[PDB]
Amino acid sequence: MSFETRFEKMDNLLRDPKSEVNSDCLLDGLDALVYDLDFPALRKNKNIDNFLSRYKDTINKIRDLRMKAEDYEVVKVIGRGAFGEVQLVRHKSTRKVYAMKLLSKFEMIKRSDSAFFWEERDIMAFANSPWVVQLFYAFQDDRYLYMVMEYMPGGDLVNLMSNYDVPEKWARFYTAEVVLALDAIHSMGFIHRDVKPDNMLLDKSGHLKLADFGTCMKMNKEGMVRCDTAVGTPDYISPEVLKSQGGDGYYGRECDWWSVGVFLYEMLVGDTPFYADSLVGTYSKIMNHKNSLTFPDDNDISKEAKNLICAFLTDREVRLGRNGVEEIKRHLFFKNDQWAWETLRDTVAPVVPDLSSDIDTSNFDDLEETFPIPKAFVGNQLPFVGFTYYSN
Amino acid sequence: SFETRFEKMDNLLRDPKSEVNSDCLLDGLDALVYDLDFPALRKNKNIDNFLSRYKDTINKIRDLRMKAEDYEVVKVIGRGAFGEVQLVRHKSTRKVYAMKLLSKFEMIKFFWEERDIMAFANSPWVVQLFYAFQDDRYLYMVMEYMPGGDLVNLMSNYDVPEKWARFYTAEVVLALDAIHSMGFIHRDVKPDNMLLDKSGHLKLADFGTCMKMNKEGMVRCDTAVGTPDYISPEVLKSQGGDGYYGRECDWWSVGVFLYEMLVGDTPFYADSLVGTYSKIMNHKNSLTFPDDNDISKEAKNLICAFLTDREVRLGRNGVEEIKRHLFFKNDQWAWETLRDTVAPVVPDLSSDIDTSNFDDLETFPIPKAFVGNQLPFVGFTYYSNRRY
Ligand SMILES: O=C(Nc1nc(-c2ccncc2)cs1)c1ccccc1F
Ligand SMILES: O=C(Nc1nc(-c2ccncc2)cs1)c1ccccc1F
């Protein structure tokens, strides 16, 4: 490569939104550095003290100029988790309305889990799919990570199911939209591993978008993923993701198809197929699914609906989807006279949200520990350098 | 406004004088990786995961950015406690420069001024800085090569007739005025700092002792700075109570430079180093000229005009009184057009890499905890954000 080439490859790396060394990523590195060094114990070191003094006024200017949490007026808290909360926000200046997901830095290190958010960030920021909730901005500070997404006023499928005894025609639509959405994620080289109605959001038109990609992972050369992670609510998780708690096994995308079948069973039956009072009881039923899977006597569920569920609720080796989406798509359950796969999101959804305003939260039910002072360099902000992201 | 905030923030990453431009930011991340990558520190998971996450990335950057291996070293032209200076050929561009290496370790045991002056003087009187870069061990300053060598070399191989001394003194006066105009006092003007270009014209290099003057063009410095034979009496006495001095201290050195060119020795030479300091202090009585019918009336006057106490020293009331001096009265050059004239010694060079005018020629321990040795050097890079 020529000197000019070398200069421009480097220049374009500072401008790339997908670059690990983008001006915002680099700015994080400096912001972290200042945060993790500014303590009386550490300032004893002159290299450290002079650096902080040199970058004092500068770092403050930057901190104020860059996107901060105070740029958003919080309209309502729409969701809440261990990590932190999800909230309907209005950007004070642009007066634009978004949904913002806050993740506690202390609560992530405390819990040891610090890497999921990278996948959630990447997926939402770069999917460029009608099936994925869009990330417009990602920013941070010493306490939280912030993800500014598009607001999905239709609420989640949990809310839909809780208000309706779903007819088969609706379930067919929602399952189809999910299959399409998951295929989109799979095409990006990702497996979700915990697909549930909580992750299924509805836009202003009643169409599906997947959100909350916290359990997402990039597939290896073989479209597989290993995992030494613990399970949180097994109800929708595949037997293989449970079978591999400790990294004792790789699994492919067919694990998400299992969750699809569960989603269908729940929409038509009214309960999940492996529910048990205790959490461990659910895990047992999932494991024993060959015998634990039963359908109620009311011949309400059609032949093809019962078949698709069982096609998905089997061991991976014989599970529908093992040979790609097309065998799922070809299933007779999806045989209809309302929509075509290639034009489904352009059709009229079964439940169209009637909204009062850009800030209507009717489809959402109504609903702080700090790091200690370091006695030596601990670098609490380092696992988050490069999380900042802006759109142009 | 949102768009103002975005703009202010964007203009800061582009500014060559900004503390947070691409150069500085890339320097920080590079410093962070360097100061953390040790087995003792990698015991910390926050630290180890960060390094692992940025491994391939940091290497790509390190390879893409200007590195020392991009230059083929042609010859070591100067050497110093600080480091070495070397004639280099940039392997790709095949372009020839002089590169000044400064040992980071040897410093922790001034370069910001040297960098700024050379990178932004935009003066024919100052050696040009094209690039500045670094690594874990050294700072690198890629400057234009001055093949005419230093005035020390000229003086050592010639007996300088008055007509030549007049030229070189004049070029120095102009060069120092340029530095002064930038708000700096050289504080160590010597023939070692005076380099000659391909045409035989002067350029000042090595601004190691340069200090920015205050509001009233003064400098409060509690410690002596410079070389023993050139140090002014005021910068020699420079202490707690005193400390305060102006640009007239460089004019003292100009007189020393003239005396040496014409006489052949410095005016306060003594066998011992301490003996020189004594003579400097007693400049009123120690300044003598040999029985030399060749040192003119006006040359002797200019020397004494400069080799006096600051209060009555030529230059106290600006350059124009130095310029107006009869010593500079001539029919060869005008001050305005002087660097456009033909120099008294025009270098006869064999190639772009001729080094004939140049005489022939450990780091930090491994940290047991975070010490941040690369932090005092974040921003030194002059590559991604330069003035054009
Ligand atoms: O992560 C979560 N929810 C999410 N909701 C949105 C969203 C909401 C509305 N409009 C666009 C996007 C994105 S992620 C979550 C997880 C566990 C517990 C509570 C939670 F709220
Ligand atoms: O700093 C020093 N020399 C310098 N030489 C140049 C230069 C040389 C050639 N062409 C352009 C520029 C720049 S600075 C020095 C000081 C003390 C001891 C040895 C040294 F080499």
# chains A, B, ... in the order shown; residues from 1 in each chain; ligands from 1
$ interface_residues --of "chain B" --to "chain A" --cutoff "9 Å" --atoms "only C-alpha atoms" --output "JSON, numbers by chain"
{"B": [1, 2, 5, 6, 8, 9, 13, 19, 20, 21, 22, 25, 26, 28, 29, 32, 44, 46, 47, 49, 50, 53, 54, 57, 58, 61, 64, 65, 66, 92, 93, 369, 370, 371, 372, 373, 374, 375, 376, 378, 383, 384]}
$ closest_atom_pairs --of "chain A" --to "ligand 1" --cutoff "6 Å" --atoms "only C-alpha atoms and all ligand atoms" --output "CSV"
residue,atom,partner,partner_atom_place_in_ligand_line,distance
A:79,CA,ligand 1,21 (F),3.4
A:80,CA,ligand 1,19 (C),4.2
A:81,CA,ligand 1,18 (C),3.9
A:86,CA,ligand 1,21 (F),5.1
A:99,CA,ligand 1,10 (N),5.2
A:150,CA,ligand 1,11 (C),5.5
A:151,CA,ligand 1,10 (N),3.8
A:152,CA,ligand 1,10 (N),3.8
A:211,CA,ligand 1,13 (C),4.8
A:212,CA,ligand 1,14 (S),3.9
$ closest_residue --among "B:345, B:81, B:179, B:139" --to "residue 27 of chain B" --atoms "only C-alpha atoms"
B:139
$ closest_residue --among "A:171, A:269, A:227, A:191" --to "residue 294 of chain A" --atoms "only C-alpha atoms"
A:269
$ closest_residue --among "B:363, B:278, B:330, B:356" --to "ligand 2" --atoms "only C-alpha atoms and all ligand atoms"
B:356
$ atom_distance --atom1 "atom CA of residue 240 of chain A" --atom2 "atom CA of residue 287 of chain A"
9.1 Å
$ select_by_dssp --residues "segment 98-214 of chain A" --states "strand (DSSP E)" --output "MDAnalysis selection string"
chainID A and resid 98:104 135:140 144:150 190:191 200:202 208:210
$ atom_distance --atom1 "atom CA of residue 98 of chain B" --atom2 "atom CA of residue 85 of chain B"
6.7 Å
$ residues_near_ligand --ligand "ligand 2" --cutoff "9 Å" --atoms "only C-alpha atoms and all ligand atoms" --output "PyMOL selection string"
chain B and resi 76-87+97-100+127-128+141-150+192-193+195-197+203-208+358
$ write_last_selection --atoms "C-alpha atoms" --output "compact mmCIF listing (two decimals), in the first residue's frame"
# COMPACT_ATOMS: atom_id res chain seq x y z
CA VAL B 76 23.49 8.84 12.55
CA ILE B 77 24.25 12.58 12.19
CA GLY B 78 23.98 13.70 15.87
CA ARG B 79 23.89 11.97 19.24
CA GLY B 80 22.93 13.18 22.67
CA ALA B 81 21.92 12.21 26.16
CA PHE B 82 18.34 12.63 25.05
CA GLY B 83 18.72 10.39 22.05
CA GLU B 84 19.99 10.53 18.51
CA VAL B 85 19.33 12.47 15.33
CA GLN B 86 19.58 10.59 12.05
CA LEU B 87 19.46 11.10 8.28
CA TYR B 97 14.53 13.77 6.22
CA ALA B 98 16.45 14.23 9.49
CA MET B 99 14.70 12.39 12.36
CA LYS B 100 15.24 13.37 16.03
CA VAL B 127 13.60 24.01 10.66
CA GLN B 128 10.23 22.51 9.51
CA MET B 141 10.43 14.31 14.96
CA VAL B 142 10.65 14.11 11.18
CA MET B 143 12.19 17.46 10.06
CA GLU B 144 13.74 18.78 6.84
CA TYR B 145 17.43 17.75 6.46
CA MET B 146 19.90 20.69 6.76
CA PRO B 147 22.90 19.42 4.72
CA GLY B 148 25.10 22.51 5.38
CA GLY B 149 25.77 21.30 8.96
CA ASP B 150 26.03 23.55 12.01
CA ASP B 192 25.29 24.19 17.62
CA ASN B 193 21.67 25.39 17.20
CA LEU B 195 22.03 24.86 10.94
CA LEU B 196 22.71 25.65 7.26
CA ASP B 197 20.33 24.69 4.43
CA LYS B 203 17.75 27.97 10.16
CA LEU B 204 17.48 27.65 13.88
CA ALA B 205 16.90 24.10 15.14
CA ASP B 206 16.82 22.47 18.68
CA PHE B 207 14.38 24.68 20.70
CA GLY B 208 14.95 22.59 23.84
CA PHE B 358 28.35 16.18 9.90
$ decode --residues "segment 185-303 of chain A" --atoms "C-alpha atoms" --output "PDB file, in the first residue's frame"
ATOM      1  CA  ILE A 185     -31.123 -12.019  12.711  1.00  0.00           C
ATOM      2  CA  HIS A 186     -29.772 -15.416  11.532  1.00  0.00           C
ATOM      3  CA  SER A 187     -28.723 -13.734   8.194  1.00  0.00           C
ATOM      4  CA  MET A 188     -26.681 -11.230  10.272  1.00  0.00           C
ATOM      5  CA  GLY A 189     -24.895 -14.245  11.763  1.00  0.00           C
ATOM      6  CA  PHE A 190     -26.735 -14.385  15.091  1.00  0.00           C
ATOM      7  CA  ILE A 191     -28.681 -16.795  17.273  1.00  0.00           C
ATOM      8  CA  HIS A 192     -31.104 -15.302  19.840  1.00  0.00           C
ATOM      9  CA  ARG A 193     -31.365 -18.314  22.151  1.00  0.00           C
ATOM     10  CA  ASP A 194     -34.301 -16.960  24.148  1.00  0.00           C
ATOM     11  CA  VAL A 195     -37.071 -15.846  21.838  1.00  0.00           C
ATOM     12  CA  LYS A 196     -40.164 -14.854  23.728  1.00  0.00           C
ATOM     13  CA  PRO A 197     -43.304 -12.620  23.349  1.00  0.00           C
ATOM     14  CA  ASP A 198     -41.579 -10.058  25.599  1.00  0.00           C
ATOM     15  CA  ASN A 199     -39.062  -9.611  22.751  1.00  0.00           C
ATOM     16  CA  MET A 200     -41.813  -9.212  20.164  1.00  0.00           C
ATOM     17  CA  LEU A 201     -42.864  -5.539  19.850  1.00  0.00           C
ATOM     18  CA  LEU A 202     -45.573  -4.051  17.626  1.00  0.00           C
ATOM     19  CA  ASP A 203     -45.087  -0.876  15.616  1.00  0.00           C
ATOM     20  CA  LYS A 204     -47.704   1.878  14.985  1.00  0.00           C
ATOM     21  CA  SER A 205     -49.196  -0.390  12.225  1.00  0.00           C
ATOM     22  CA  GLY A 206     -49.379  -3.565  14.304  1.00  0.00           C
ATOM     23  CA  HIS A 207     -46.364  -5.206  12.604  1.00  0.00           C
ATOM     24  CA  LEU A 208     -43.673  -7.108  14.489  1.00  0.00           C
ATOM     25  CA  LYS A 209     -40.144  -5.969  15.286  1.00  0.00           C
ATOM     26  CA  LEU A 210     -37.797  -7.860  17.606  1.00  0.00           C
ATOM     27  CA  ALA A 211     -36.237  -5.951  20.512  1.00  0.00           C
ATOM     28  CA  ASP A 212     -33.964  -6.846  23.556  1.00  0.00           C
ATOM     29  CA  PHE A 213     -31.075  -8.823  22.040  1.00  0.00           C
ATOM     30  CA  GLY A 214     -29.363  -9.369  25.418  1.00  0.00           C
ATOM     31  CA  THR A 215     -29.078 -13.175  24.906  1.00  0.00           C
ATOM     32  CA  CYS A 216     -27.783 -12.860  21.321  1.00  0.00           C
ATOM     33  CA  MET A 217     -24.515 -14.376  20.085  1.00  0.00           C
ATOM     34  CA  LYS A 218     -22.447 -14.482  16.809  1.00  0.00           C
ATOM     35  CA  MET A 219     -22.262 -17.815  15.096  1.00  0.00           C
ATOM     36  CA  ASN A 220     -18.881 -19.367  14.379  1.00  0.00           C
ATOM     37  CA  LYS A 221     -17.583 -20.657  10.919  1.00  0.00           C
ATOM     38  CA  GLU A 222     -20.148 -23.571  11.277  1.00  0.00           C
ATOM     39  CA  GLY A 223     -23.195 -21.377  12.223  1.00  0.00           C
ATOM     40  CA  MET A 224     -22.791 -22.647  15.805  1.00  0.00           C
ATOM     41  CA  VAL A 225     -22.422 -21.094  19.266  1.00  0.00           C
ATOM     42  CA  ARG A 226     -21.020 -22.514  22.592  1.00  0.00           C
ATOM     43  CA  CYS A 227     -22.029 -21.005  26.035  1.00  0.00           C
ATOM     44  CA  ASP A 228     -21.036 -21.271  29.708  1.00  0.00           C
ATOM     45  CA  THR A 229     -23.962 -19.062  30.877  1.00  0.00           C
ATOM     46  CA  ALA A 230     -26.755 -19.643  33.472  1.00  0.00           C
ATOM     47  CA  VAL A 231     -30.475 -19.678  32.449  1.00  0.00           C
ATOM     48  CA  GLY A 232     -33.111 -17.051  33.322  1.00  0.00           C
ATOM     49  CA  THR A 233     -36.712 -18.397  32.980  1.00  0.00           C
ATOM     50  CA  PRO A 234     -36.445 -21.565  30.869  1.00  0.00           C
ATOM     51  CA  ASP A 235     -40.072 -21.461  29.566  1.00  0.00           C
ATOM     52  CA  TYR A 236     -39.088 -20.577  25.959  1.00  0.00           C
ATOM     53  CA  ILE A 237     -35.508 -21.925  25.816  1.00  0.00           C
ATOM     54  CA  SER A 238     -34.655 -25.029  23.709  1.00  0.00           C
ATOM     55  CA  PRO A 239     -33.460 -28.277  25.378  1.00  0.00           C
ATOM     56  CA  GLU A 240     -29.950 -27.739  23.807  1.00  0.00           C
ATOM     57  CA  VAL A 241     -29.370 -24.318  25.330  1.00  0.00           C
ATOM     58  CA  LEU A 242     -30.297 -25.894  28.718  1.00  0.00           C
ATOM     59  CA  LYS A 243     -28.172 -29.062  27.937  1.00  0.00           C
ATOM     60  CA  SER A 244     -25.191 -26.684  27.491  1.00  0.00           C
ATOM     61  CA  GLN A 245     -24.838 -24.665  30.699  1.00  0.00           C
ATOM     62  CA  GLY A 246     -21.060 -24.681  31.105  1.00  0.00           C
ATOM     63  CA  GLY A 247     -19.987 -24.656  27.449  1.00  0.00           C
ATOM     64  CA  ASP A 248     -20.330 -28.460  27.212  1.00  0.00           C
ATOM     65  CA  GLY A 249     -21.715 -28.221  23.651  1.00  0.00           C
ATOM     66  CA  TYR A 250     -22.278 -26.116  20.544  1.00  0.00           C
ATOM     67  CA  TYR A 251     -25.727 -25.479  19.037  1.00  0.00           C
ATOM     68  CA  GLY A 252     -27.078 -23.833  15.861  1.00  0.00           C
ATOM     69  CA  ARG A 253     -29.973 -21.512  14.944  1.00  0.00           C
ATOM     70  CA  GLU A 254     -32.529 -24.415  15.204  1.00  0.00           C
ATOM     71  CA  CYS A 255     -32.736 -23.507  18.948  1.00  0.00           C
ATOM     72  CA  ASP A 256     -34.716 -20.330  18.030  1.00  0.00           C
ATOM     73  CA  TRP A 257     -37.202 -22.468  16.034  1.00  0.00           C
ATOM     74  CA  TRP A 258     -37.967 -24.385  19.246  1.00  0.00           C
ATOM     75  CA  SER A 259     -38.906 -21.035  20.897  1.00  0.00           C
ATOM     76  CA  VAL A 260     -41.165 -20.278  17.843  1.00  0.00           C
ATOM     77  CA  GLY A 261     -43.123 -23.477  18.486  1.00  0.00           C
ATOM     78  CA  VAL A 262     -43.492 -22.557  22.124  1.00  0.00           C
ATOM     79  CA  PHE A 263     -44.722 -19.135  21.115  1.00  0.00           C
ATOM     80  CA  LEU A 264     -47.326 -20.745  18.912  1.00  0.00           C
ATOM     81  CA  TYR A 265     -48.442 -23.175  21.588  1.00  0.00           C
ATOM     82  CA  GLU A 266     -48.901 -20.363  24.036  1.00  0.00           C
ATOM     83  CA  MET A 267     -50.887 -18.198  21.570  1.00  0.00           C
ATOM     84  CA  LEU A 268     -53.335 -21.039  20.789  1.00  0.00           C
ATOM     85  CA  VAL A 269     -53.442 -22.896  24.167  1.00  0.00           C
ATOM     86  CA  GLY A 270     -53.159 -19.938  26.531  1.00  0.00           C
ATOM     87  CA  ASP A 271     -50.189 -21.321  28.547  1.00  0.00           C
ATOM     88  CA  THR A 272     -46.614 -22.367  27.734  1.00  0.00           C
ATOM     89  CA  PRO A 273     -46.262 -26.125  27.027  1.00  0.00           C
ATOM     90  CA  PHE A 274     -43.730 -26.782  29.843  1.00  0.00           C
ATOM     91  CA  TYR A 275     -44.931 -24.467  32.640  1.00  0.00           C
ATOM     92  CA  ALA A 276     -44.410 -25.704  36.231  1.00  0.00           C
ATOM     93  CA  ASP A 277     -44.625 -23.771  39.549  1.00  0.00           C
ATOM     94  CA  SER A 278     -40.876 -23.961  40.280  1.00  0.00           C
ATOM     95  CA  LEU A 279     -38.234 -22.771  37.832  1.00  0.00           C
ATOM     96  CA  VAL A 280     -36.480 -26.198  38.078  1.00  0.00           C
ATOM     97  CA  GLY A 281     -39.857 -27.891  37.334  1.00  0.00           C
ATOM     98  CA  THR A 282     -40.013 -26.059  33.984  1.00  0.00           C
ATOM     99  CA  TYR A 283     -36.417 -27.211  33.102  1.00  0.00           C
ATOM    100  CA  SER A 284     -37.506 -30.841  33.909  1.00  0.00           C
ATOM    101  CA  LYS A 285     -40.570 -30.605  31.624  1.00  0.00           C
ATOM    102  CA  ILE A 286     -38.505 -29.019  28.774  1.00  0.00           C
ATOM    103  CA  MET A 287     -35.993 -31.909  29.119  1.00  0.00           C
ATOM    104  CA  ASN A 288     -38.825 -34.438  29.198  1.00  0.00           C
ATOM    105  CA  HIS A 289     -40.697 -32.751  26.400  1.00  0.00           C
ATOM    106  CA  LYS A 290     -41.289 -35.984  24.522  1.00  0.00           C
ATOM    107  CA  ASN A 291     -43.713 -36.999  27.282  1.00  0.00           C
ATOM    108  CA  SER A 292     -44.513 -33.602  28.913  1.00  0.00           C
ATOM    109  CA  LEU A 293     -45.901 -32.080  25.602  1.00  0.00           C
ATOM    110  CA  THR A 294     -49.707 -32.465  25.653  1.00  0.00           C
ATOM    111  CA  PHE A 295     -52.536 -30.526  24.017  1.00  0.00           C
ATOM    112  CA  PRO A 296     -55.953 -29.914  25.613  1.00  0.00           C
ATOM    113  CA  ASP A 297     -58.988 -32.068  24.484  1.00  0.00           C
ATOM    114  CA  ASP A 298     -60.886 -29.082  22.888  1.00  0.00           C
ATOM    115  CA  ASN A 299     -60.160 -29.966  19.192  1.00  0.00           C
ATOM    116  CA  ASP A 300     -59.834 -26.090  18.845  1.00  0.00           C
ATOM    117  CA  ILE A 301     -56.266 -26.291  17.506  1.00  0.00           C
ATOM    118  CA  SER A 302     -56.187 -27.425  13.888  1.00  0.00           C
ATOM    119  CA  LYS A 303     -54.347 -30.439  12.472  1.00  0.00           C
TER     120      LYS A 303
END
